[PDB]
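Written below as structure tokens is the structure these notes are about.
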Amino acid sequence: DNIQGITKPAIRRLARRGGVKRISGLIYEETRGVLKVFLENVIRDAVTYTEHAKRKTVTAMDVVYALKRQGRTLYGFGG
Amino acid sequence: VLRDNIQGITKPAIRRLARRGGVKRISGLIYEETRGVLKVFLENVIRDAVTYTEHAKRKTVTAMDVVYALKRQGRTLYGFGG
Amino acid sequence: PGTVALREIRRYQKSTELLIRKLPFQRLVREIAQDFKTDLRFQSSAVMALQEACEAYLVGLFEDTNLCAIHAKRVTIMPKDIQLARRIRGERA
Amino acid sequence: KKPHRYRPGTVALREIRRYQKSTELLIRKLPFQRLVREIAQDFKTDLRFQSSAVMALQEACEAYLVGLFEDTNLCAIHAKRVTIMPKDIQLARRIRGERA
Amino acid sequence: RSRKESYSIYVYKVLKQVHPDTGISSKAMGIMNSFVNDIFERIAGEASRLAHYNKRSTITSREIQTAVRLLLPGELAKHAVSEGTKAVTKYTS
Amino acid sequence: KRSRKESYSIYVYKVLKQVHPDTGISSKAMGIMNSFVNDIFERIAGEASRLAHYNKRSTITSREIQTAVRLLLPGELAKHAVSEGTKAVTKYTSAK
Amino acid sequence: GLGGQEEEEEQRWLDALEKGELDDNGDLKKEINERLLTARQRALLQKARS
Amino acid sequence: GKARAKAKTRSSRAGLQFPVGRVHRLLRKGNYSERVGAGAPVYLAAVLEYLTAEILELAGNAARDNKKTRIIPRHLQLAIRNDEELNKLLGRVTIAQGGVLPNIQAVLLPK
Amino acid sequence: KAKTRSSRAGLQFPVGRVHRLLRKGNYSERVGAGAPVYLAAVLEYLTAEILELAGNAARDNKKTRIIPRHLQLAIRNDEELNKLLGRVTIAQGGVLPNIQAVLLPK
DNA sequence: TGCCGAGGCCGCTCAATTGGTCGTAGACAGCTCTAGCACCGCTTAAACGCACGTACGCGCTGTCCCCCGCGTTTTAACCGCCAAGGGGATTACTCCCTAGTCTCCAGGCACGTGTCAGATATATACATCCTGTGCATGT
DNA sequence: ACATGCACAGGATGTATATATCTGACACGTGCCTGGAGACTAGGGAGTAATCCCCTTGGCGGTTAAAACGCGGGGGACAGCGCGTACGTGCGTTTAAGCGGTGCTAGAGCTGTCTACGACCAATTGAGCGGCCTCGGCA
């Protein structure tokens, strides 16, 4: 059991930053699935870069490259 | 010569496109916005396509000059080569 | 009423032809291009390639427009839907 | 002062302004770290993580979730609701081409 | 005079390898000669960026294996890697 | 001893000191700037490389980066960027 | 204390929320100063003015 | 000196049908890197060959089940949009004259 | 005595570094002498531009130092920058203060 | 207290969509190349990537304390269902036009070709710049 | 009290200069194919209309979320261990460059067959009246 560490109020906060006024109670356990598949897709690619690089620590570059590949770039971790 | 030729994208043709897309009923406001959306799409593709032709120092737009614009706009098009 | 619309959908999904008339579309491509530069020539293939991209883009938009309408419980598409399907896909704002 | 709880569903807007103004990361770090480690072991056991890389995954996730909710908001408001539901996320995640 | 340099005959030979009865319309040939070329640009571009992301002057079987492992979807990845490793094994003897 | 890293840091800092002389920038914001410069650079050079091949030309050229920066950048940002490129090359080809 | 200066913007933003006078983003309406514009923004806005 | 009669193509040495030589020539001439190791074009040719086998196996089965005997863009579009794997490899492409995968949204159906 | 191609071109950006990277990144087998100058000018222009917006955003928010919020505010306010950066996310950047109009009280 | 209607059910009649048969010419194979130009074998060459190390940095693995997450009940705002109105989208119809076929024109242009010159990559030594660092200092 | 800014040293990088050689700007011939317009055709579209039915709306009732309450657990907070990761080296296998030989991939040709393309037929399937009985109210 680990995904339930994405707490009920954590989803409410993300939704609140996202501008949504009112949240149905079904949202939490569905959204945990969406965050899960998003993390799983970026980790598959990031671990693939790190495996290719022979190292066995996932670097910031391994995840930045995976995110750049998926067209969801981030700036701040040394792009 | 030139004109506002956009009204040549005729109402039945938009209904055909929409019918291939499977929408059952079309509200009559759709047509004049659809022409806007299509014109904006052609503007954005042709803007790039013409600049590839400018860069090649040509005056003739080949099928490659459009396929390359479509590639970089994330709407790749198989069936015209390259 | 309402039955023959579904028969049109079956027909226009079975067949693969161009739905926009060649001459109007060819004139439109020129009448747009002729303010980036004057007197372009378009190779006869290139106008087809623009049309294949256009009809596929429009069909690919009406597809998600349909999903917007059915999500709003009505069946008829409206400008409200096309604005959403663009606004959520990313072409505007 | 005067409104406080006025029209319940309005401390809601006070939370929108708080979490939209500020730049905390809204998921607890240790729970999120346990999530990425206990995901990643399904594909390669005995991985290490750079201590910033897990935060880079977090900031990508919170950006992705925020964007998803903003797109969900549009789907609800379009469907004449101020309340979001799973069916809104199904629309949004379909139209961006991610799910079907 | 001029040359086009096309994949056309290889995909024809591969079609006849899997469906000995079947043919290709030159429009579908144009699709294939686009598709295999687009996949080639993706995989070469990905292997290149991955080699630059390791500051290596070469690209080799392991870089391009990795590019395929990223870029293809689910079961197509492990099947393609099986065919690539069969081929490199049977070539290097 | 581990080798030096590479970044645009002093140049972006110097650029700040010719547009808001009064103002500083956080190392977090420098991390974003140093990422943004590398990303825009990799887009322009990476897309220019395709123009070179589309034309079967061997040289990456000022004549043609000018195309890439009107493809990548939208609208007036493109026109003003092309202006600055034009002015820069005009100084450089005068100075040699 | 000085934290009342940070709270006062939100106090005004709440009074404006009771009134509903907020902009198309739900913010307090705030004035343009054209000295804050870049030459490119000045060009775009001068084109929007024609 | 002297050389072997029909000194064999890299494809035929690999047992592949895709042109390993042309792939190697393209990988250098496209300037993807300054050096391109001898295995890379073999491996890449095998992958392009395998994807080509996969997509044509589906397209021919679709064309046969559509009662035709020649592939046309329609049959490729029907293969690509039926297969959940190729559809997510090919989410960002239009097949010229391919048409669309025939569907009615379930709520539109009568009764 | 040397003089930098940067100062010769009237730029702060490192023209030599740009020329080095345009070779070392494999973008083509040959790089013309004008190409790094022109590219460095565009990088310089965009870097000055994005900072000029961010500096004004920071100064309006009463702060003596630019931090990622002022960059996210800059990038998302001007629609040409937003149209350029539609596929990026800013470290600890937050988002524009948008409330959708229907959610407000009447 | 003898009847016939309302209601259900059966049979043949009948008009729409569907799968199938025919023939002609568009466009595929199947050429023979022929022909030329890639691709390959045989070389010799430089350098890049590999394999072996070890030192030092960055990540695992354990410690305290207040805030946030949880579970609680209350209640009200909202969604979902619904009835009813009436605006507008469909469906059918007629006539006009302009989209398509096609033909032939003639010019504008892409392209191939050959020349040749100035542009750039190569290498080298010199020198100045940018990075890492100590510590002053300002938010 | 930390996160940023400035001065000091140095090593790796940029520039000046020399130097060779081949990219591509250039001029022209060149034949292709595009833009053009004429003439013609009928399938398709614009405007008219009935009339249907959907969407929009006002309104009610049920239930699910916001909300404030109080409780306690678990996230954020710093030590000690050690396994890694980056340099740094020295080595060997790798790949390029090089150029003649000839295998094969192409364009164009001829030439052909045959797929499949429209157009035309022959079903099966749908929904529908003409005939018979009783259940049910009744003179």
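Note on naming: chains are A, B, ... as they come in the structure tokens, residues start from 1 per chain, ligands start from 1 in the order shown.
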Contacts of segment 32-44 of chain I at 8 Å (only C-alpha atoms (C1' of nucleotides); same-chain gap of 2+ positions) as a VMD selection string: (chain F and resid 15 37 40 to 41 59 to 63 65 to 66 69 81 to 82 84 to 86 88 to 89 92) or (chain I and resid 5 to 6 9 11 to 16 18 to 19 22 30 46 to 48) or (chain J and resid 120)
May I have the residues from that selection written out with N, CA and C atoms (P, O5', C5', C4', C3', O3' and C1' of nucleotides), as a tab-separated table (two decimals), in the first residue's frame?
chain	number	residue	atom	x	y	z
F	15	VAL	N	23.21	40.07	-19.12
F	15	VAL	CA	22.01	40.55	-19.82
F	15	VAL	C	21.02	41.19	-18.86
F	37	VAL	N	17.61	28.61	-22.34
F	37	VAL	CA	18.58	28.89	-23.39
F	37	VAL	C	19.00	27.61	-24.08
F	40	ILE	N	15.87	26.35	-26.30
F	40	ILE	CA	15.67	27.15	-27.51
F	40	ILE	C	16.82	26.95	-28.48
F	41	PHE	N	18.05	26.88	-27.98
F	41	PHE	CA	19.20	26.58	-28.81
F	41	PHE	C	19.04	25.22	-29.50
F	59	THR	N	26.04	23.36	-45.32
F	59	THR	CA	26.41	24.38	-44.33
F	59	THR	C	25.22	24.93	-43.55
F	60	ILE	N	25.23	24.80	-42.22
F	60	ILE	CA	24.35	25.61	-41.36
F	60	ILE	C	24.74	27.08	-41.54
F	61	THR	N	23.82	27.96	-41.89
F	61	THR	CA	24.15	29.28	-42.45
F	61	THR	C	23.25	30.40	-41.94
F	62	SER	N	23.78	31.62	-41.76
F	62	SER	CA	23.01	32.76	-41.26
F	62	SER	C	21.85	32.91	-42.24
F	63	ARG	N	22.08	32.74	-43.55
F	63	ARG	CA	21.00	32.76	-44.59
F	63	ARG	C	19.62	31.89	-44.40
F	65	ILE	N	19.41	29.94	-40.68
F	65	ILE	CA	18.93	30.16	-39.30
F	65	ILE	C	17.81	31.19	-39.29
F	66	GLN	N	17.92	32.22	-40.14
F	66	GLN	CA	16.87	33.21	-40.36
F	66	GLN	C	15.53	32.57	-40.72
F	69	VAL	N	14.24	30.59	-37.19
F	69	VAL	CA	13.69	31.50	-36.18
F	69	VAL	C	12.39	32.16	-36.59
F	81	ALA	N	13.07	39.15	-33.42
F	81	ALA	CA	14.23	38.28	-33.36
F	81	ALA	C	15.04	38.34	-34.66
F	82	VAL	N	14.38	38.21	-35.81
F	82	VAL	CA	15.02	38.35	-37.12
F	82	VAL	C	15.69	39.71	-37.24
F	84	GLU	N	17.03	41.50	-34.70
F	84	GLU	CA	18.26	41.46	-33.91
F	84	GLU	C	19.35	40.62	-34.59
F	85	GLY	N	18.97	39.48	-35.19
F	85	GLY	CA	19.89	38.68	-35.99
F	85	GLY	C	20.47	39.48	-37.16
F	86	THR	N	19.61	40.22	-37.86
F	86	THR	CA	20.03	41.08	-38.97
F	86	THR	C	21.01	42.15	-38.50
F	88	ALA	N	22.92	42.17	-35.74
F	88	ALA	CA	24.13	41.51	-35.28
F	88	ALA	C	25.05	41.13	-36.44
F	89	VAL	N	24.51	40.45	-37.45
F	89	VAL	CA	25.30	40.10	-38.63
F	89	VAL	C	25.74	41.36	-39.37
F	92	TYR	N	28.77	42.49	-37.49
F	92	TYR	CA	29.85	41.53	-37.66
F	92	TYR	C	30.46	41.54	-39.06
I	5	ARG	N	34.32	37.78	-30.58
I	5	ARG	CA	33.29	37.93	-31.62
I	5	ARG	C	32.01	38.50	-31.04
I	6	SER	N	31.71	38.21	-29.78
I	6	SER	CA	30.57	38.79	-29.05
I	6	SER	C	30.58	40.31	-29.09
I	9	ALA	N	30.39	41.82	-32.62
I	9	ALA	CA	29.02	41.79	-33.11
I	9	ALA	C	28.07	42.70	-32.32
I	11	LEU	N	27.18	42.03	-29.04
I	11	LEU	CA	26.44	41.07	-28.22
I	11	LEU	C	27.15	40.83	-26.88
I	12	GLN	N	26.36	40.52	-25.85
I	12	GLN	CA	26.83	39.93	-24.61
I	12	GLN	C	26.94	38.40	-24.70
I	13	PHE	N	26.09	37.73	-25.49
I	13	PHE	CA	26.09	36.27	-25.59
I	13	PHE	C	27.37	35.70	-26.23
I	14	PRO	N	27.81	34.50	-25.83
I	14	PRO	CA	29.12	33.96	-26.17
I	14	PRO	C	29.15	33.35	-27.57
I	15	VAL	N	29.45	34.15	-28.59
I	15	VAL	CA	29.44	33.71	-29.99
I	15	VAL	C	30.38	32.52	-30.22
I	16	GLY	N	31.55	32.51	-29.59
I	16	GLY	CA	32.48	31.39	-29.69
I	16	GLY	C	31.87	30.09	-29.16
I	18	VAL	N	28.66	29.42	-28.92
I	18	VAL	CA	27.62	29.06	-29.89
I	18	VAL	C	28.25	28.39	-31.12
I	19	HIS	N	29.34	28.93	-31.65
I	19	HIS	CA	30.04	28.32	-32.78
I	19	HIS	C	30.56	26.93	-32.45
I	22	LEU	N	27.46	24.52	-32.23
I	22	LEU	CA	26.89	24.23	-33.54
I	22	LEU	C	27.69	23.18	-34.31
I	30	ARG	N	29.28	21.19	-41.71
I	30	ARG	CA	29.94	22.50	-41.85
I	30	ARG	C	29.08	23.61	-41.25
I	46	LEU	N	15.79	36.91	-27.01
I	46	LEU	CA	14.80	36.21	-26.21
I	46	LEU	C	15.14	36.24	-24.73
I	47	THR	N	16.41	36.12	-24.36
I	47	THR	CA	16.82	36.16	-22.96
I	47	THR	C	16.62	37.54	-22.36
I	48	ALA	N	16.95	38.60	-23.09
I	48	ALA	CA	16.67	39.95	-22.64
I	48	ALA	C	15.15	40.16	-22.52
J	120	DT	P	31.72	31.08	-44.44
J	120	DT	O5'	32.49	29.70	-44.17
J	120	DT	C5'	31.93	28.45	-44.57
J	120	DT	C4'	32.90	27.29	-44.36
J	120	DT	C3'	33.36	27.13	-42.91
J	120	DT	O3'	33.22	25.77	-42.56
J	120	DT	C1'	35.21	27.28	-44.40
Can I get the residues of chain H within 12 Å of chain C, each with the closest pair of atoms and their distance in Å to one decimal, using only C-alpha atoms, sorted chain first then ascending number, as CSV?
residue,atom,partner,partner_atom,distance
H:66,CA,C:14,CA,11.3
H:72,CA,C:16,CA,10.7
H:73,CA,C:16,CA,9.2
H:74,CA,C:16,CA,7.2
H:75,CA,C:16,CA,10.9
H:77,CA,C:16,CA,10.5
H:78,CA,C:14,CA,10.9
H:91,CA,C:60,CA,11.3
H:92,CA,C:57,CA,11.0
H:93,CA,C:53,CA,9.6
H:94,CA,C:56,CA,6.7
H:95,CA,C:52,CA,8.4
H:96,CA,C:52,CA,5.8
H:97,CA,C:16,CA,5.9
H:98,CA,C:16,CA,6.3
H:99,CA,C:16,CA,4.5
H:100,CA,C:13,CA,6.2
H:101,CA,C:13,CA,7.2
H:102,CA,C:13,CA,5.3
H:103,CA,C:13,CA,7.8
H:104,CA,C:9,CA,7.8
H:105,CA,C:66,CA,8.1
H:106,CA,C:70,CA,9.7
H:107,CA,C:70,CA,7.5
H:108,CA,C:75,CA,7.3
H:109,CA,C:6,CA,8.2
H:110,CA,C:3,CA,8.2
H:111,CA,C:3,CA,11.5
Contact residues around residue 76 of chain H with only C-alpha atoms (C1' of nucleotides) at 12 Å, ignoring same-chain residues under 4 positions, as number ranges by chain: B: 78-79; E: 24-25, 27-32, 35; H: 52, 54-63, 66, 70-72, 80-83, 86-87, 90, 94-101
Chain I contacts on chain J, only C-alpha atoms (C1' of nucleotides), 12 Å, as an MDAnalysis selection string: chainID J and resid 119:121 126:130 138:139
For the selection just defined, write its residues with N, CA, C and O atoms (P, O5', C5', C4', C3', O3' and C1' of nucleotides) to a file, as a PDB file, in the first residue's frame.
ATOM      1  P    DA J 119      33.118  35.261 -49.201  1.00  0.00           P
ATOM      2  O5'  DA J 119      32.405  34.230 -48.199  1.00  0.00           O
ATOM      3  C5'  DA J 119      31.632  33.127 -48.660  1.00  0.00           C
ATOM      4  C4'  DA J 119      32.271  31.775 -48.312  1.00  0.00           C
ATOM      5  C3'  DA J 119      32.667  31.663 -46.839  1.00  0.00           C
ATOM      6  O3'  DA J 119      31.607  31.150 -46.047  1.00  0.00           O
ATOM      7  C1'  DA J 119      34.178  30.538 -48.360  1.00  0.00           C
ATOM      8  P    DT J 120      31.716  31.076 -44.444  1.00  0.00           P
ATOM      9  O5'  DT J 120      32.492  29.696 -44.170  1.00  0.00           O
ATOM     10  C5'  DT J 120      31.932  28.454 -44.568  1.00  0.00           C
ATOM     11  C4'  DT J 120      32.902  27.286 -44.360  1.00  0.00           C
ATOM     12  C3'  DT J 120      33.365  27.131 -42.912  1.00  0.00           C
ATOM     13  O3'  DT J 120      33.219  25.769 -42.563  1.00  0.00           O
ATOM     14  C1'  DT J 120      35.213  27.277 -44.401  1.00  0.00           C
ATOM     15  P    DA J 121      33.591  25.188 -41.113  1.00  0.00           P
ATOM     16  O5'  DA J 121      34.882  24.292 -41.433  1.00  0.00           O
ATOM     17  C5'  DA J 121      34.770  23.148 -42.260  1.00  0.00           C
ATOM     18  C4'  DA J 121      35.996  22.229 -42.213  1.00  0.00           C
ATOM     19  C3'  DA J 121      36.375  21.849 -40.780  1.00  0.00           C
ATOM     20  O3'  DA J 121      36.776  20.488 -40.753  1.00  0.00           O
ATOM     21  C1'  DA J 121      38.045  23.265 -41.828  1.00  0.00           C
ATOM     22  P    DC J 126      53.993  30.806 -29.035  1.00  0.00           P
ATOM     23  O5'  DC J 126      52.699  31.700 -28.714  1.00  0.00           O
ATOM     24  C5'  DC J 126      52.286  32.707 -29.628  1.00  0.00           C
ATOM     25  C4'  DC J 126      50.981  33.385 -29.212  1.00  0.00           C
ATOM     26  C3'  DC J 126      51.067  34.119 -27.864  1.00  0.00           C
ATOM     27  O3'  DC J 126      50.569  35.440 -28.070  1.00  0.00           O
ATOM     28  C1'  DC J 126      49.187  32.692 -27.957  1.00  0.00           C
ATOM     29  P    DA J 127      50.593  36.578 -26.937  1.00  0.00           P
ATOM     30  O5'  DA J 127      49.163  36.441 -26.230  1.00  0.00           O
ATOM     31  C5'  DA J 127      47.971  36.834 -26.895  1.00  0.00           C
ATOM     32  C4'  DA J 127      46.731  36.601 -26.025  1.00  0.00           C
ATOM     33  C3'  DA J 127      46.891  37.244 -24.635  1.00  0.00           C
ATOM     34  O3'  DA J 127      45.674  37.751 -24.121  1.00  0.00           O
ATOM     35  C1'  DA J 127      46.409  34.978 -24.442  1.00  0.00           C
ATOM     36  P    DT J 128      45.027  39.127 -24.629  1.00  0.00           P
ATOM     37  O5'  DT J 128      43.529  38.979 -24.079  1.00  0.00           O
ATOM     38  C5'  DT J 128      42.547  38.180 -24.730  1.00  0.00           C
ATOM     39  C4'  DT J 128      41.696  37.376 -23.737  1.00  0.00           C
ATOM     40  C3'  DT J 128      41.450  38.141 -22.421  1.00  0.00           C
ATOM     41  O3'  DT J 128      40.112  38.046 -21.970  1.00  0.00           O
ATOM     42  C1'  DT J 128      42.251  35.970 -22.024  1.00  0.00           C
ATOM     43  P    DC J 129      38.959  38.975 -22.591  1.00  0.00           P
ATOM     44  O5'  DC J 129      37.632  38.071 -22.543  1.00  0.00           O
ATOM     45  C5'  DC J 129      37.529  36.835 -23.241  1.00  0.00           C
ATOM     46  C4'  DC J 129      37.587  35.615 -22.306  1.00  0.00           C
ATOM     47  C3'  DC J 129      36.592  35.718 -21.151  1.00  0.00           C
ATOM     48  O3'  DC J 129      35.373  35.125 -21.550  1.00  0.00           O
ATOM     49  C1'  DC J 129      38.618  34.526 -20.596  1.00  0.00           C
ATOM     50  P    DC J 130      34.068  35.155 -20.616  1.00  0.00           P
ATOM     51  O5'  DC J 130      34.206  33.812 -19.753  1.00  0.00           O
ATOM     52  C5'  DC J 130      34.320  32.560 -20.400  1.00  0.00           C
ATOM     53  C4'  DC J 130      34.260  31.391 -19.420  1.00  0.00           C
ATOM     54  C3'  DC J 130      33.045  31.434 -18.490  1.00  0.00           C
ATOM     55  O3'  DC J 130      32.508  30.122 -18.470  1.00  0.00           O
ATOM     56  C1'  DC J 130      35.124  31.574 -17.271  1.00  0.00           C
ATOM     57  P    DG J 138      25.462  45.017   1.766  1.00  0.00           P
ATOM     58  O5'  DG J 138      24.006  44.668   1.179  1.00  0.00           O
ATOM     59  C5'  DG J 138      23.806  43.765   0.095  1.00  0.00           C
ATOM     60  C4'  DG J 138      22.675  42.760   0.382  1.00  0.00           C
ATOM     61  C3'  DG J 138      21.397  43.423   0.941  1.00  0.00           C
ATOM     62  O3'  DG J 138      20.194  42.740   0.610  1.00  0.00           O
ATOM     63  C1'  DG J 138      22.172  41.831   2.419  1.00  0.00           C
ATOM     64  P    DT J 139      19.478  42.882  -0.818  1.00  0.00           P
ATOM     65  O5'  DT J 139      18.102  42.086  -0.568  1.00  0.00           O
ATOM     66  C5'  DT J 139      17.993  40.680  -0.735  1.00  0.00           C
ATOM     67  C4'  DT J 139      17.192  40.007   0.390  1.00  0.00           C
ATOM     68  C3'  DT J 139      15.880  40.713   0.791  1.00  0.00           C
ATOM     69  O3'  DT J 139      14.736  39.958   0.410  1.00  0.00           O
ATOM     70  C1'  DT J 139      17.062  39.746   2.644  1.00  0.00           C
TER      71       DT J 139
END
Proximity check chain B to chain E, 10 Å, nearest pairs one decimal Å, only C-alpha atoms, as a tab-separated table:
residue	atom	partner	partner_atom	distance
B:71	CA	E:38	CA	9.6
B:76	CA	E:38	CA	8.8
B:77	CA	E:34	CA	8.2
B:78	CA	E:31	CA	5.0
B:79	CA	E:31	CA	4.3
B:80	CA	E:30	CA	6.5
B:81	CA	E:34	CA	5.5
B:82	CA	E:34	CA	5.5
Those of chain B in DSSP alpha helix (DSSP H), formatted as JSON, numbers by chain: {"B": [11, 12, 13, 14, 15, 16, 17, 18, 19, 20, 30, 31, 32, 33, 34, 35, 36, 37, 38, 39, 40, 41, 42, 43, 44, 45, 46, 47, 48, 49, 50, 51, 52, 53, 54, 55, 63, 64, 65, 66, 67, 68, 69, 70, 71, 72]}
For the contact check between chain A and chain F, emit one row per residue of chain A within 6 Å, containing the shortest atom pair and the distance in Å rounded to one decimal, counting only C-alpha atoms, chain then rising number order, as JSON lines.
{"residue": "A:75", "atom": "CA", "partner": "F:32", "partner_atom": "CA", "distance": 4.8}
{"residue": "A:76", "atom": "CA", "partner": "F:32", "partner_atom": "CA", "distance": 4.3}
{"residue": "A:78", "atom": "CA", "partner": "F:35", "partner_atom": "CA", "distance": 5.5}
{"residue": "A:79", "atom": "CA", "partner": "F:35", "partner_atom": "CA", "distance": 4.3}
Based on the selection just made, write C-alpha atoms of those residues as a short mmCIF file (atom, residue, chain, number, x, y, z; two decimals), in the first residue's frame.
data_model
loop_
_atom_site.label_atom_id
_atom_site.label_comp_id
_atom_site.auth_asym_id
_atom_site.auth_seq_id
_atom_site.Cartn_x
_atom_site.Cartn_y
_atom_site.Cartn_z
CA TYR A 75 13.02 23.81 -16.71
CA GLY A 76 15.01 24.04 -13.44
CA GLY A 78 19.47 21.68 -15.70
CA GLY A 79 17.75 21.10 -19.11
#
Spatial neighbours of residue 81 of chain E, 12 Å, only C-alpha atoms (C1' of nucleotides), chain gap at least 6 places, as an MDAnalysis selection string: (chainID E and resid 61:62 64:72 74:75 87:89) or (chainID H and resid 43:51)
Non-local contacts of residue 18 of chain G (12 Å; only C-alpha atoms (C1' of nucleotides); under 3 positions in same chain excluded) as number ranges by chain: D: 1-7, 10, 13; G: 11-15, 21-22, 26; I: 104-106
Go ahead and write the selection's residues with C-alpha atoms as a compact mmCIF listing (two decimals), in the first residue's frame.
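Once everything was written out, this is again.txt:
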# COMPACT_ATOMS: atom_id res chain seq x y z
CA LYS D 1 -14.34 39.84 7.68
CA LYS D 2 -18.15 40.24 6.97
CA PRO D 3 -18.93 37.16 4.69
CA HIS D 4 -16.81 34.43 6.49
CA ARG D 5 -18.76 31.24 5.41
CA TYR D 6 -21.33 33.17 3.23
CA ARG D 7 -22.66 30.95 0.38
CA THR D 10 -16.95 30.25 -0.94
CA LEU D 13 -12.62 30.38 -3.64
CA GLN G 11 -8.97 41.69 2.13
CA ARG G 12 -9.65 44.03 -0.85
CA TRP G 13 -9.83 41.02 -3.21
CA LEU G 14 -12.51 39.51 -0.89
CA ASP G 15 -14.51 42.79 -0.72
CA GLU G 21 -16.57 43.60 -9.87
CA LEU G 22 -13.55 41.32 -10.68
CA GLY G 26 -11.38 36.87 -11.10
CA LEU I 104 -17.78 33.44 -9.22
CA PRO I 105 -20.81 34.72 -7.21
CA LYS I 106 -23.40 36.91 -9.04
Spatial neighbours of segment 126-133 of chain K, max dist 10 Å, only C-alpha atoms (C1' of nucleotides), sep filter under 5 positions, as a PyMOL selection string: chain J and resi 8-17
File dump, residues just selected, C-alpha atoms (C1' of nucleotides), as a compact mmCIF listing (two decimals), in the first residue's frame:
# COMPACT_ATOMS: atom_id res chain seq x y z
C1' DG J 8 -55.26 -10.26 -29.57
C1' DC J 9 -53.32 -13.02 -32.83
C1' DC J 10 -52.63 -15.40 -37.29
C1' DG J 11 -52.01 -15.34 -42.22
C1' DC J 12 -50.18 -13.26 -47.17
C1' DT J 13 -48.68 -8.33 -49.48
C1' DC J 14 -45.85 -5.19 -50.04
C1' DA J 15 -41.70 -1.72 -50.38
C1' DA J 16 -36.65 -0.75 -48.49
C1' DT J 17 -31.28 -2.30 -47.81
Check which residues of chain A sit at most 8 Å from chain K using only C-alpha atoms (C1' of nucleotides), and return one row each with the closest pair of atoms and their distance in Å to one decimal, ordered by chain and rising number, as a tab-separated table.
residue	atom	partner	partner_atom	distance
A:22	CA	K:65	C1'	7.6
A:23	CA	K:65	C1'	7.5
A:24	CA	K:65	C1'	7.5
A:25	CA	K:65	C1'	7.9
A:55	CA	K:85	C1'	7.7
Those same residues - N, CA and C atoms - I'd like them written as a PDB file, in the first residue's frame.
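Final output, saved to part-v7.pdb:
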ATOM      1  N   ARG A  22     -15.626  22.759  -6.891  1.00  0.00           N
ATOM      2  CA  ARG A  22     -16.287  21.710  -6.094  1.00  0.00           C
ATOM      3  C   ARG A  22     -15.949  20.308  -6.598  1.00  0.00           C
ATOM      4  N   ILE A  23     -15.560  19.393  -5.715  1.00  0.00           N
ATOM      5  CA  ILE A  23     -14.952  18.114  -6.114  1.00  0.00           C
ATOM      6  C   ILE A  23     -15.846  16.931  -5.763  1.00  0.00           C
ATOM      7  N   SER A  24     -16.256  16.108  -6.728  1.00  0.00           N
ATOM      8  CA  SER A  24     -16.995  14.888  -6.386  1.00  0.00           C
ATOM      9  C   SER A  24     -16.128  13.873  -5.643  1.00  0.00           C
ATOM     10  N   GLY A  25     -16.688  13.174  -4.663  1.00  0.00           N
ATOM     11  CA  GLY A  25     -15.969  12.203  -3.842  1.00  0.00           C
ATOM     12  C   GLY A  25     -15.399  11.023  -4.628  1.00  0.00           C
ATOM     13  N   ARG A  55      24.920   3.252 -15.144  1.00  0.00           N
ATOM     14  CA  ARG A  55      24.644   3.656 -13.755  1.00  0.00           C
ATOM     15  C   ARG A  55      23.372   2.996 -13.217  1.00  0.00           C
TER      16      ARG A  55
END
